[PDB]
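This report concerns only the one structure given below.
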Amino acid sequence: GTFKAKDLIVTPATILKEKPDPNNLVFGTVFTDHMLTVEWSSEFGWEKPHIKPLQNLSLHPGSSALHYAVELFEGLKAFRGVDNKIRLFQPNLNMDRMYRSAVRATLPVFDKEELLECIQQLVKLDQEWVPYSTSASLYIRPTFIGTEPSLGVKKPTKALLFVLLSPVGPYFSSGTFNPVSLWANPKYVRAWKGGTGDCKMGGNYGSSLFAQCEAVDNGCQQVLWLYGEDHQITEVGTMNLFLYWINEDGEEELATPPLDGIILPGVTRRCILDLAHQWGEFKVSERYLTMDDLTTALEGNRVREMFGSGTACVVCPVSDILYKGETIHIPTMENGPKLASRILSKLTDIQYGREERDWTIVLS
Amino acid sequence: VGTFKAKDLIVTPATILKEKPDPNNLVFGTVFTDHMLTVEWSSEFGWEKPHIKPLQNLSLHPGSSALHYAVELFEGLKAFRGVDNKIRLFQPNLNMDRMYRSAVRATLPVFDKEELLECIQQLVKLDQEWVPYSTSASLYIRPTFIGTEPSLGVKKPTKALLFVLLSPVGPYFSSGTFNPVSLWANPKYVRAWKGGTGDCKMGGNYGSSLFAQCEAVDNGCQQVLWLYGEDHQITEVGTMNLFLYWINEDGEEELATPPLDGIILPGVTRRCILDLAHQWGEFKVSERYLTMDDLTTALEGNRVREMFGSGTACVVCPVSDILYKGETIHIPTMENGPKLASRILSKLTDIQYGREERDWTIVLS
Ligand SMILES: COc1cc(C#N)c(Oc2ccccc2C)cc1-n1c(=O)cc(C(F)(F)F)[nH]c1=O
Ligand SMILES: COc1cc(C#N)c(Oc2ccccc2C)cc1-n1c(=O)cc(C(F)(F)F)[nH]c1=O
Ligand SMILES: *Cc1c(COP(=O)(O)O)cnc(C)c1O
Ligand SMILES: *Cc1c(COP(=O)(O)O)cnc(C)c1O
Ligand SMILES: [Mg+2]
């Protein structure tokens, strides 16, 4: 079986909370009035979906989510356009990616069309939480947990699928660009060949916290995740990594690591490669990039810009990488940053409906 | 930093008691006792007083970091009702040690190991009639530690809960004897990597394994043989450590197990077996790399005697077969006694059930 949006039971909150200051926002700390919940059991399958007041979950302390990280999540955004139509951005890709993660977690499958419809009804009810700001958005957090009251390492026979909404302001409180410093220690690895690094499964992030703490203790805002003997640069924290440079053949190139199973195939990532290919003003390469490739390129003044991209931060310029004690300067902000800005402009124009696109859907 | 103290334990006993299960009919980790331990932590005030209270649901904010970013770890140790009807813990200080190290690596707050162990004893004491009346059953102790930070921010939690569940579990196998396991060996999946958390009981290590185990069962196998690297190193038999008893390449009688290089869980059983092996001094004992090629080369030379798993789950679990590159590879474990596997099971079980005294066991308070 599968749950249907048609069967939605709606319990509106009787008291509505004060909306947050659209600038004065700590990320994922403010929650809207309503949540979606759908119960699943092996015995009866999917219960009817519920839109109800944000509340605590009552979970058996043996729930597999708390013991064996039988859990996954998504992140997508709703944007209030210049025309004051609320839009989702490639939401079908987030549904697709969430379904694949469920199968790989052995959580029960669901109808992707129906979840997306339930998400729209939730956003619609809470639409005034979609900020009145051209640099803020509503974060949508679909979450899926095993609630199997059993310590047996097994496919769960009980689960909960729920969706939270959280209004998130501009990544940096100037709303322009505040370049990130990166901590690069090969001692830690986010993901590996034959792992789950290409899925948003909770286990990928729990092992990262110690590295992020270590980043903050050496001044940096994010981890540069290194992989393999040659120290490949994979991901800028929770974001895909782009390098804009003169390559080894002396060519202008936008370069990003390939989707080889250790990389999260970000929606932003694919969009930026599409844009880059469409413009055809420089070479676009899904290729391996090492710290040696980077420092060799830096000594030749061949590096122009480095930036992260994810739902978190559409474009996040990198200014510095801490590596083997020394601080390595990336001249991103000294070069405009021309490409980073052109990309942020185009994605933002699309997200906020300043131009039409296949990538956006107007809210039901 | 600080710690909760056992001296400050607030006890709320259940007014209504659940019926104990048949010791001969126990499904693993499915039955729970009457009481649980809970201790709240905040970065603002530190550790609250510890509570022993009726088993209940946890009330968690749906933004709790445990549910989103696997900010969670656990332990597993057993209480055994001995032949003398004294309840014993087995190496519980090693479980506390491993749980402290996991906490640090998860960025959860540290606690006093002595104090947790004392609180666990008070919980088991209260619920001691749940420790089964059976020489092949036990009480499973599940210390669990979760981030409850109501924030989607990927960060160190400023709110956490440490709780302990008790669950009476029967023998690993219905028969109560050796039922040799078939192993599914697919290099497509990797449990753990260098610079990962595979040497900790952090929840993230286990979630990725379920799909592999389902695939194991779908090809008739009972467990996954976890392979690592281009040489296909044999690391772990499911959630158990892996031992190989054989004539090595130098023609020496050897007990071999993968080294603690960061991808292996340092099991309490593993530690105990290496100590026993070293103490007996009857053969070479090597923490070394073992590949499928090392194994099949040794099999073609009739150099393999026994292969077995070890964990709290299954003290000793003989391996009969490995499915690898579409063929079924026979391990002559059961054709060789299994003499070593039996000697180990005898010793650990005699200790767990108080049939002999040792430094490894502690009598319940
Ligand atoms: C403003 O920061 C963020 C905004 C968003 C959004 N939307 C975000 O989305 C995610 C993407 C992947 C997995 C989980 C999440 C919550 C992450 C962050 N974020 C963190 O949560 C944590 C750090 C770190 F620096 F602490 F690592 N960095 C960060 O960008
Ligand atoms: C009775 O079975 C078990 C008993 C115990 C104990 N005590 C155990 O200990 C653990 C060790 C590491 C993480 C989690 C646990 C619960 C595992 C299993 N167990 C499973 O739960 C599942 C399979 C499976 F691979 F077959 F699925 N194997 C198994 O040993
Ligand atoms: C979420 C995430 C990204 C970005 O993917 P988007 O779909 O663009 O948000 C990148 N890397 C990791 C590790 C992530 O978790
Ligand atoms: C728990 C566990 C073991 C066994 O360790 P013990 O402390 O002896 O129970 C082995 N491998 C993994 C992956 C484990 O989680
Ligand atoms: Mg349909």
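So you know, we letter chains A, B, ... as the sequences are listed, proteins then strands, and number each from 1. Order of appearance sets the numbers: ligands from 1, and atoms from 1 within every ligand. As a basis for the values below, the full set of heavy atoms in this structure was taken, side chains included, without hydrogen atoms, waters or symmetry mates.
With atom 1 (C) of ligand 3 as the reference point, the heavy atom nearest to it among A/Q90, A/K200, A/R190, A/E74 is part of A/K200. Evaluated by nearest non-hydrogen atom to atom 8 (O) of ligand 3, the leading choice among A/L93, A/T268, A/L264 is A/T268. Of the options A/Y171, A/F172, A/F27, the smallest heavy-atom separation from atom 5 (C) of ligand 1 is shown by A/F27. With A/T238, A/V26, A/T311 as candidates, the residue nearest to atom 11 (C) of ligand 1 on a non-hydrogen basis is A/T238. Considering only non-hydrogen atoms, atom 14 (C) of ligand 1 lies nearest to B/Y69 out of B/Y69, A/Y139, A/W183.
Proximity to A/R97 (heavy-atom distance under 4.0 Å) selects the following atoms of ligand 3: 5 (O), 6 (P), 7 (O). Taking every heavy atom of A/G310 and a limit of under 4.0 angstrom, the matching atoms of ligand 3 come to 4 (C), 8 (O), 9 (O). Against a heavy-atom cut-off of under 4.0 Å, A/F73 is close to the following atoms of ligand 1: 13 (C), 14 (C). Those atoms of ligand 3 that come under 4.0 Å of a heavy atom in A/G266, given as number and element, are 5 (O), 6 (P), 7 (O), 8 (O). For ligand 1, the atoms lying closer than 4.0 Å to a non-hydrogen atom of B/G153 are 21 (O). Of all atoms in ligand 1, numbered sequentially from 1 with element shown, those under 4.0 Å from a heavy atom of A/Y205 are 13 (C).
With a heavy-atom cut-off of 4.0 Å, A/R141 touches ligand 1 through its side chain alone. Within the 4.0 Å heavy-atom criterion, the part of A/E235 lying near ligand 3 is the side chain and not the backbone. The part of A/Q221 lying near ligand 1 is the backbone, judged by heavy-atom distances below 4.0 Å. The proximity of B/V154 to ligand 1, defined as any non-hydrogen pair under 4.0 Å, involves the side chain as well as the backbone.
Side-chain atoms of A/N23 never come within 3.5 Å of backbone atoms of A/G169 as a donor-acceptor pair (strictly under, hydrogens ignored). Looking at A/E305, its side chain does come within 3.5 Å of a backbone N or O of A/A340 through a donor-acceptor pair.
Side-chain polar atoms of A/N56 and B/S59 form a donor-acceptor pair below 3.5 angstrom. Between the side chains of A/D260 and A/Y288, a donor-acceptor pair is found at a separation under 3.5 Å. A donor-acceptor pair shorter than 3.5 Å cannot be found between the side chains of A/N240 and A/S309. For the residue pair A/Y188/A/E214, the side-chain donor-acceptor check at 3.5 Å is satisfied. A donor and an acceptor atom, one from each side chain of A/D33 and A/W129, are located under 3.5 Å apart. A side-chain N or O of A/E253 and one of A/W245 form a donor-acceptor pair less than 3.5 Å apart. A/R354 and A/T134 are linked by a side-chain donor-acceptor pair at a separation below 3.5 angstrom, with hydrogens and angles left out of the test.
Put simply, no part of A/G237 is less than 4.0 Å from ligand 1, judged by heavy atoms. Ligand 1 lies within reach of A/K200, whose nearest heavy atom is under 4.0 Å from it. Residue contacts with ligand 1: B/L152 is included, with a non-hydrogen atom under 4.0 Å away.
Salt bridge present: A/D96 and A/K112 bring a charged side-chain N and a carboxylate O closer than 4.0 Å. A salt bridge is defined here as a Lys NZ or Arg NE, NH1 or NH2 lying under 4.0 Å from an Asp or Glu carboxylate O, and B/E149 with B/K155 meets this definition.
The protein does not reach atom 19 (N) of ligand 1 closely, with no heavy atom under 4.0 angstrom from it.
For ligand 3, the polar-atom distance check finds an N/O of A/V267 within less than 3.5 Å of one of the ligand's N/O atoms. For A/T238, a nitrogen or oxygen atom sits less than 3.5 Å from a nitrogen or oxygen atom of ligand 3, counting backbone and side chain alike.
With respect to atom 17 (C) of ligand 1, the closest heavy atom belonging to the protein is A/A312 CB, 3.7 Å. Considering only non-hydrogen protein atoms, atom 29 (C) of ligand 1 sits nearest to A/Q222 NE2, 3.5 Å. Nearest protein neighbour of atom 15 (O) of ligand 3, counting heavy atoms only, is A/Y205 OH, 2.2 Å. For atom 6 (P) of ligand 3, the nearest protein heavy atom (residue, atom name, distance) is A/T311 OG1, 3.3 Å.
Outside the 6.0 Å centre-distance limit, the rings of B/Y206 and A/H67 are not counted as a close aromatic pair. Checked against a 6.0 Å centroid threshold, the rings of A/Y171 and A/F27 do not count as neighbours. With ring centers used as reference points, A/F177 lies 6.0 Å or more from A/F307.
Of all protein N/O/S atoms, those under 2.8 Å from the Mg ion (ligand 5) are A/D111 OD2, and waters are not counted.
If you run side chain to side chain donor-acceptor pair (under 3.5 Å) between A/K346 and each of A/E355, A/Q278, A/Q351, only A/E355 comes through.
A cation-pi arrangement is absent between A/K77 and A/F89 under the rule of less than 6.0 angstrom and at most 45 degrees off the ring axis. At least one cation-pi condition fails for B/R191 and B/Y228: the charged atom is not both under 6.0 angstrom from the six-membered ring centre and inside a 45 degree cone around its axis.
Classification of the A/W46-A/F3 ring pair by plane angle, with boundaries at 30° and 60°, yields perpendicular.
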